[PDB]
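In: model the structure of this input:
(14 chains, ligands or ions: 10)
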Amino acid sequence: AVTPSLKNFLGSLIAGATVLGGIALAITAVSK
Amino acid sequence: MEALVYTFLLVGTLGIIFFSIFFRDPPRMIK
Amino acid sequence: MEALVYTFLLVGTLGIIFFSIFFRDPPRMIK
Amino acid sequence: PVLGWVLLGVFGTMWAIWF
Amino acid sequence: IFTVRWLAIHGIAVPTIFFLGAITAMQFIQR
Amino acid sequence: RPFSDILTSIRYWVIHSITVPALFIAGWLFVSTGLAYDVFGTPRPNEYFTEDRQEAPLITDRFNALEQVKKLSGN
Amino acid sequence: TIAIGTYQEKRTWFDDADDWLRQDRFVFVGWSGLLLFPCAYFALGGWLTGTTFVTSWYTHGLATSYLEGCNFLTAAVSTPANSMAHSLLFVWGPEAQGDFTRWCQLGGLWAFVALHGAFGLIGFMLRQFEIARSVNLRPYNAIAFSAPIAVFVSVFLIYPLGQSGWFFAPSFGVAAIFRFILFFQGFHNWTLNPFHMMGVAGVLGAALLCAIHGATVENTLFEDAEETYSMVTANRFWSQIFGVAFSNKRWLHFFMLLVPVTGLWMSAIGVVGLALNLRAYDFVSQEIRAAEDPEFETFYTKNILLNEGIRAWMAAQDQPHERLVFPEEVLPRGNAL
Amino acid sequence: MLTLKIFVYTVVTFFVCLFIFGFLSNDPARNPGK
Amino acid sequence: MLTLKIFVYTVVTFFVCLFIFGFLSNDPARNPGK
Amino acid sequence: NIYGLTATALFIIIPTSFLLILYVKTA
Amino acid sequence: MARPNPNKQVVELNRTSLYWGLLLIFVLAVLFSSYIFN
Amino acid sequence: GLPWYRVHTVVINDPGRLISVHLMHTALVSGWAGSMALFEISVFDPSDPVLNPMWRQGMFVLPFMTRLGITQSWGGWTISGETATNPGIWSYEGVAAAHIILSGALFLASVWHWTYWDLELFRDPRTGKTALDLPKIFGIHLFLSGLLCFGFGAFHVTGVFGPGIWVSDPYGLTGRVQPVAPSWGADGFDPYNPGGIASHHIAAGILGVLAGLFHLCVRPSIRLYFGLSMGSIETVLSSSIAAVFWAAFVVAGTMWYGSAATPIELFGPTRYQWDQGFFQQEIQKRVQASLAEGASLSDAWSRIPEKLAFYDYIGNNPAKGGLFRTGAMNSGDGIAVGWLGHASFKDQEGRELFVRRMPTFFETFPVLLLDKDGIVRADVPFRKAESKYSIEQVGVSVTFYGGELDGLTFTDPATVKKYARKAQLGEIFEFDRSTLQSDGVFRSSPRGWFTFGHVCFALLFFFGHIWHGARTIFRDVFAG
Amino acid sequence: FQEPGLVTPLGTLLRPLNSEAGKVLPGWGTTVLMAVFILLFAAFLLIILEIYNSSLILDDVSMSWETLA
Amino acid sequence: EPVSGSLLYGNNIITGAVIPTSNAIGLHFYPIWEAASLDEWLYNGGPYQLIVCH
Ligand code: CLA
Ligand code: CLA
Ligand code: CLA
Ligand code: CLA
Ligand SMILES: CCCCCCCCCCCCCCCC(=O)OC[C@H](COP(=O)(O)OC[C@@H](O)CO)OC(=O)CCCCCCCCCCCCCCC
Ligand SMILES: CCCCCCCCCCCCCCCC(=O)OC[C@H](COP(=O)(O)OC[C@@H](O)CO)OC(=O)CCCCCCCCCCCCCCC
Ligand SMILES: CCCCCCCCCCCCCCCC(=O)OC[C@H](COP(=O)(O)OC[C@@H](O)CO)OC(=O)CCCCCCCCCCCCCCC
Ligand SMILES: CC1=C(/C=C/C(C)=C/C=C/C(C)=C/C=C/C=C(C)/C=C/C=C(C)/C=C/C2=C(C)CCCC2(C)C)C(C)(C)CCC1
Ligand SMILES: CC1=C(/C=C/C(C)=C/C=C/C(C)=C/C=C/C=C(C)/C=C/C=C(C)/C=C/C2=C(C)CCCC2(C)C)C(C)(C)CCC1
Ligand SMILES: CC1=C(/C=C/C(C)=C/C=C/C(C)=C/C=C/C=C(C)/C=C/C=C(C)/C=C/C2=C(C)CCCC2(C)C)C(C)(C)CCC1
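Out: Residues are numbered from 1 along each chain as shown, chains lettered A, B, ... in the order given. Ligands and ions are numbered 1, 2, ... in the order given. Below you will find the coordinate block:
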């Protein structure tokens, strides 16, 4: 089963990628 | 016997101090 | 405390022996 | 027998280095 | 102007003013 | 941009003059209205020792802690 | 195109990003800046927020904040309760479960500052590596910054990791550090440890070098490419005043690097031992003599008694999770000897 | 103490072998003149 | 021990005399140039 | 103190002699 | 092998290095002897 | 012209002699392993394996041999106190002897490679200059490593061909070497499950082979080759050091916190087991169940094995030693012989009393006798201090149930006071402090010493990674 | 300096392995594939750390000395 | 209640010391020639004042 802690951990994995994604696009936008 | 060991070590350190003050090494070039 | 004095005197004699052996005096002329 | 073993070890070591 | 210099200064100054206002009002809190 | 340019710039002063004091007051109201006491969970002076408990609190729990902190705190 | 080695190859978005990152401005972002700046900003932001608003009532039983009436010398960001063991205390973790108000209450803001701060120190070291490469210098400065990193890791991460929980790491405050300092003396006899002894020499020896070099260079100046002070006069002065003196500029300015860096590295090794309660607490030879001979007493024996006072009197409140209650008849007292 | 005995035997035999081989390595005495 | 006191007072006062008379023997600082 | 005494003795003889050998060979 | 190593060098330490080495060894012995004896 | 700290740099551009020095180091490590193993056998006392285990004897290397399935010795004694009918070739003495033989063999192979340094293997076919294909070499070595990782966990651990590993009862009562069935579900990731070790080495080994094959076939991209300075050999040293100290920390933490690879019956109890009363809770649970069966209180305590009661003792705690309290654990507080039995304290009017156990932090803890509720009733004044609740005034009495002194009772304040101090230390035992002239100050178990040794090396190797990494990236400026 | 070293029977067998030193692929090669694996490994290490740290509780696991039962 | 700090009285380098003068002396000047006897001078921590002053 999917314990409540697992759901949050997956959410954090998504959230961390979202934070990185914002920076990566930001560098390209300003660079270009 | 320990007091003997400590005293020798303290004197040994002082002996090295005496050597370094007086028996220095002449400077080399570039240095 | 006397053991310290005896040991120090013996070590001093040995140190003088070492100095005489190694830090020898270069010969002069005529001698 | 410690003597014999030690001597055999030291002699073999020296000879092996040479060979 | 919205260069990095603007962001860095406003990233520190803006919270600092808020906190300073928070602390100043926070002296008068009745005990 | 040089420091003198912004310092002497008229536009710099007018915008800052109307927003900086508002920001300061915003901090003043944040504590005055009591909002700070709630968001960060800091107890106000009176609700340090509740009726149920008259000593300093203590957690002694890890996975149930969140539920326990509800009881220790006066809410 | 960019010339990588002998051949030249068509540029890529990576090359475009690198040019902008290394672009010369007031603030050198560099590649490391992507990690140092966000982490260092939150390490500073977390401490300032924690001291101003967050309290320690529910973790330590103290009142550590400006809002509760504390100075700059008393406010602190206190460590979580002992019942948290070594939890990383994520805001989304199984403890807070995403509730910010009770995340701060549980003490999770200490882990926020420590973890983010720990990665800020990594970011700074990398930045020192990057700037040195950009300017083509030997990165001795980065190597000398390993000592503060080693101290931070040993004290704030390795030590509490070897204990029962985060509860026994230093808390980010002025007074709260003094509690930590006294805690080791009472419990760990940290002063008597050989490795602290070798760290005190480095720090005090380093300040000795800083004072003399500044004084010597500034007093041997020439009157007014070429050096501004007479190495000959300085060497002559100290060789006749003290007995020995430097004669090589490289060696002198490397000695000043070696004394402090080596000093803190040795002390860090000591704190690793304390992390396992692997203390250099006592001399067995002297303890036996004192026990059998009530009239025997040295300054070391007197120190041991003082440590007993620190432990018993402070343990009641410093460690609330043990619920210790010491009746007045069992607390150590001097007149009871 | 078997370890001490083994160490001492090893040192002694090493030195004795060094002695013997060193005296073997020398070349016979001869008179260059006459 | 009156004998010990007298010896020290003599050694102490002797050295102080050299110190005081030593600094008198120095001649005043002056700049040969300018 | 047999193990304590020997440890101190070796820590002195072994490094000091090693340093002296190198200095002699250098000069 | 007949061919010597082109990259063969000789260690060397001056008298100053000797004095630092001897002082470090003796000072460490002074500090740690009390604990080893215990 | 080489300073004393660069004397070993001569082999940087000499692959033939680089193999020699690496061979010599391997010979020294193997020589130590055999010598240390032989040393421990000459001192190990296999008489009592219950109250005098090997972790109580300061044995460092012996546990590691026994962890992978070596139990018998040529002396006719087994680690479990059996007869050792068929020691076989692979025994403690045999393995120690095997390492020394290998140590010597490597020594000879070191001399050969040192003398014959210039080989056509180390010469680039295109150009006569010496060279090393580091990207490809790493592929070969990784390929070999993957096979061993798969080989270990597929045959040695599972018991298909090898003996297996040491699995044990959660409470470290029954332990032995058994085959381990691999666990493939999420259940196989928890540290304390032996099935993880077999499952991991199978999966990691397979992936190691595939990656090893890949790095052989696919050459590095030109960008990475120059960005990572793959041409130099320093980069391999700096990166390798980084991996090593990462492994040291993980091994240090897994040893300190306990895991399936460091059984308590083999290395010693964990510190956190005393803090949380791991064994005390189990003993009480066992005793209460016996009481519910209708048995007497005296025989119920006698049902507790001495092995379990010997773990519930603060002396068997890795976090109680000292940095310079050298030697085996037995040298601290003697040899544990006999268990005196659970001690029960009662005041005059009837209420039973409990002694507050010493926290692991404190080195000198006051003696407190707490009532069931928790209120302090009896004390022991610091020394020559005015008392209001000392043993005499309240006149408490101590009764022993189970163990050596089951059924006895004491009331003399001197004797009760003596056993009160022993009560805060955990279970009460009788120690022989004359055989080894034990000092009386707790030492640390091999779990404590291993963790200290490897965390210190982990930090030191972090500086090495930085230094060698700095030289690689800044090679041109350092070189000239 | 120019004469080769020993022509060993073993050496001549191993030359193919140590023969193409310095060869590289144009452009970034497989670096994109590299990045995916690092992220997956970093994600993997977080899982075991959180499980072992008890900050991530699963239903199958127990994470205690009692699981040896 | 004397305190022993000599290296010959069961002290290490770490524990040894030159104990300061006695409390009974106070701030009074205490040379050798004012003590009743040498043992009295030693028993009152005389050598400390001699060392510190010099
Ligand atoms: C580079 C900057 C940086 C760094 C290094 C960190 C690092 C950290 N932060 Mg901080 N943080 C940052 C920026 C940063 N943060 C910013 C900008 C914010 C504002 C939003 C925060 C807000 C914040 C909070 C509020 C908290 C942290 C916490 C943490 C810690 C836990 C990390 C974790 O599990 O998150 C997640 C980490 C990862 C997911 C690692 C990345 C691994 C890869 C990318 C996963 C890829 C998988 C896959 C490809 C993606 C999914 C694919 C799918 C869509 C198909 C750690 C020390 C927590 C903590 O410990 O506090 C005590 C915490 O509570 N941070
Ligand atoms: C990390 C590796 C490691 C670990 C964990 C252990 C752990 C242990 N060993 Mg083993 N040992 C090791 C490596 C290791 N050893 C090596 C490499 C050797 C070869 C020399 C030995 C040789 C050895 C012997 C011969 C014996 C042990 C014993 C022991 C046990 C007693 C505790 C102890 O060592 O005293 C603690 C000692 C120290 C902590 C030493 C102090 C170190 C500090 C950091 C000072 C560092 C030096 C300093 C800078 C300069 C010194 C100055 C000088 C005056 C002394 C313990 C189980 C004893 C035992 O009971 O086994 C039956 C025993 O008899 N070991
Ligand atoms: C496997 C790891 C590894 C390897 C292969 C090397 C290899 C090298 N290092 Mg690095 N280094 C390492 C780890 C490693 N080091 C670590 C962990 C540190 C941190 C302490 C350093 C710090 C370091 C510095 C600061 C320098 C080097 C240098 C060098 C080069 C010359 C060796 C030397 O100093 O002369 C041989 C050294 C001696 C003869 C002195 C020996 C003194 C030791 C302390 C006493 C003996 C201790 C004991 C017997 C052995 C300990 C065993 C323990 C590891 C278990 C050589 C390429 C030097 C170099 O070339 O840079 C330009 C240099 O300056 N290294
Ligand atoms: C103080 C820390 C520190 C410093 C200053 C350096 C410095 C250096 N390293 Mg080393 N390294 C470190 C730690 C450090 N490293 C650690 C801990 C590891 C893992 C074992 C490595 C592994 C490593 C390898 C394998 C290599 C280097 C290399 C290098 C050099 C180039 C920089 C590089 O590769 O990127 C360094 C990159 C980082 C330190 C990562 C940045 C921080 C990450 C992205 C944040 C992730 C946070 C995430 C959310 C996790 C949260 C954790 C939370 C749950 C607790 C340089 C000398 C290279 C080299 O020498 O080439 C010549 C090389 O090949 N390093
Ligand atoms: C992508 C982030 C977008 C912005 C989010 C808001 C930012 C401001 C947060 C202020 C504090 C409030 C927190 C509430 C948080 C909250 O409410 O979460 C809610 C969410 C689910 O929680 P639940 O629904 O169980 O909570 C229920 C309760 O709210 C009521 O019962 O948690 C997650 O899924 C993960 C959240 C991550 C949030 C942090 C993101 C950053 C992680 C670090 C990334 C580092 C990457 C490093 C890579 C190198
Ligand atoms: C009237 C005043 C009398 C003062 C007497 C005291 C003099 C002290 C002389 C210290 C010599 C130390 C050895 C230097 C060895 C030596 O020959 O160094 C020589 C070095 C100069 O070296 P160079 O510049 O020639 O180096 C050239 C390079 O190529 C490297 O060789 O001098 C220094 O760096 C200053 C270091 C002072 C360090 C002071 C350490 C003090 C430690 C004292 C420990 C006492 C323990 C007592 C236990 C009881
Ligand atoms: C088991 C086999 C045996 C293992 C043990 C072997 C040990 C070998 C010897 C290792 C030590 C070598 C030390 C070299 C010593 C030496 O001569 O170094 C000299 C070196 C600088 O020399 P240069 O590179 O200028 O010299 C170039 C060439 O001429 C080579 O010297 O300085 C250093 O690198 C750091 C030295 C240690 C730090 C010295 C200062 C701090 C310690 C002294 C503190 C005194 C107390 C002050 C407070 C009271
Ligand atoms: C399978 C198996 C195994 C393993 C095994 C092994 C691993 C082995 C190895 C072995 C080895 C590892 C061997 C080696 C050897 C080497 C050698 C044998 C060397 C030689 C050399 C020489 C002889 C040299 C000589 C010389 C010199 C010295 C100098 C001059 C002259 C010459 C150069 C000639 C096990 C454990 C599982 C168990 C059993 C089965
Ligand atoms: C936690 C949090 C976060 C973040 C945060 C931050 C970012 C913060 C920041 C903060 C800040 C950024 C703050 C600041 C502050 C400041 C202050 C508080 C200041 C003060 C000052 C003072 C106090 C001064 C004084 C003085 C001077 C200098 C002048 C005159 C003299 C004197 C000395 C008086 C996150 C999102 C992650 C999550 C959620 C929550
Ligand atoms: C040749 C050969 C042989 C034999 C061999 C042998 C017998 C060997 C042995 C070997 C050995 C017998 C080796 C040993 C080694 C040892 C070592 C290698 C050690 C090391 C040590 C160390 C490294 C230490 C360190 C330390 C200390 C001192 C303590 C604490 C701190 C430290 C950790 C630093 C024969 C004839 C059979 C056959 C053929 C081959």
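In: where's residue G:282 relative to residue L:438, distance?
Out: Residue G:282 sits at a distance of 16 Å from residue L:438 (criterion: Cβ to Cβ, to the nearest Å). The way it works is simple: take the backbone N, C-alpha and C, and place the C-beta from them, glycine included.
In: in stretch L:109-124, what's buried?
Out: Neighbour-count burial for stretch L:109-124, counted by 16 or more other Cβ atoms under 10 Å in any protein chain shown, picks out L:109, L:110, L:113, L:114, L:117, L:118, L:119, L:120, L:121, L:122, L:123, L:124.
In: can you tell me which of the residues you listed are in strands?
Out: Judged by DSSP state E, strands contain none of these.
In: and those residues, which is closest to residue G:187?
Out: Nearest to residue G:187, judged by Cβ to Cβ, of the buried residues of stretch L:109-124 is residue L:110 at 49.4 Å.
In: now do the closest one against residue L:144, distance only.
Out: Following Cβ to Cβ, the distance that separates residue L:110 from residue L:144 is 21 Å.
In: cool, and residue H:10?
Out: According to Cβ to Cβ, residue H:10 stands 36 Å off from residue L:144.
In: the residue in chain E positioned nearest to ligand 1 sits in which helix or strand?
Out: Nearest to ligand 1 in chain E, going by Cβ to the nearest ligand atom, is residue E:11, at a distance of 11.9 Å. Secondary structure assigned from DSSP states H and E places residue E:11 in helix E:4-25.
In: just checking, what packs against that helix?
Out: With contacts taken as 3 or more Cβ pairs under 8 Å, 6 or more residues apart in numbering or on different chains; DSSP states H and E, helix E:4-25 sits against helix F:10-32, helix G:33-52.
In: apply 6 Å and report the result again.
Out: Packing partners of helix E:4-25 (3 or more Cβ pairs under 6 Å, 6 or more residues apart in numbering or on different chains; DSSP states H and E): helix F:10-32.
In: identify the residue nearest the geometric centre of chain F.
Out: residue F:36 (3.3 Å; Cα atoms, centre = their mean).
In: for it, which three-state class applies?
Out: State at residue F:36, reduced to three classes by DSSP: H, G, I helix; E, B strand; the rest coil: helix.
In: does the nearest residue to residue B:20 once chain neighbours are set aside lie in a helix or a strand, and which?
Out: Nearest residue to residue B:20, sequence neighbours excluded (Cβ to Cβ, 6 or more residues apart in numbering or on different chains): residue K:19, at 4.6 Å. Under the criterion of DSSP H and E, residue K:19 resides in helix K:15-37.
In: sec struct for the residue of chain H most remote from its centre, please.
Out: For chain H, the C-alpha farthest from the mean C-alpha position belongs to residue H:34; by Cα atoms, centre = their mean, that distance is 33.8 Å. Classification of residue H:34 by three-state DSSP places it in coil.
In: the residue nearest to residue B:20 - how many residues pack around it?
Out: For residue K:19, the count of nearby residues is 20 (other Cβ atoms under 10 Å in any protein chain shown).
In: same question, residue B:14
Out: By other Cβ under 10 Å, the burial measure for residue B:14, its neighbour count, is 10.
In: mind checking how far it is from residue L:19?
Out: Between residue B:14 and residue L:19 the distance, using Cβ to Cβ, works out to 48 Å.
In: residue F:57 now?
Out: From residue F:57 over to residue L:19 the distance is 65 Å, taken as Cβ to Cβ.
In: kindly report the same for residue B:2.
Out: 48 Å.
In: report how many residues lie close to residue 27.
Out: Since no chain was named, I'll use chain A. By other Cβ under 10 Å, 18 other residues sit near residue A:27.
In: the intended chain is chain L.
Out: Counted with other Cβ under 10 Å, the neighbours of residue L:27 add up to 19.
In: repeat that for residue H:5.
Out: Burial of residue H:5, expressed as a neighbour count using other Cβ under 10 Å, amounts to 12.
In: so it belongs to a helix, correct?
Out: Yes - inclusion of residue H:5 in a helix is indicated when three-state DSSP is applied.
In: and the gap between the residue nearest to it when sequence neighbours are not counted and ligand 8?
Out: Computed as Cβ to Cβ, 6+ apart, the closest residue to residue H:5 that is not its neighbour in sequence is residue D:2, at 6.0 Å. Note on residue D:2: its distance to ligand 8, by Cβ to the nearest ligand atom, to the nearest Å, is 25 Å.
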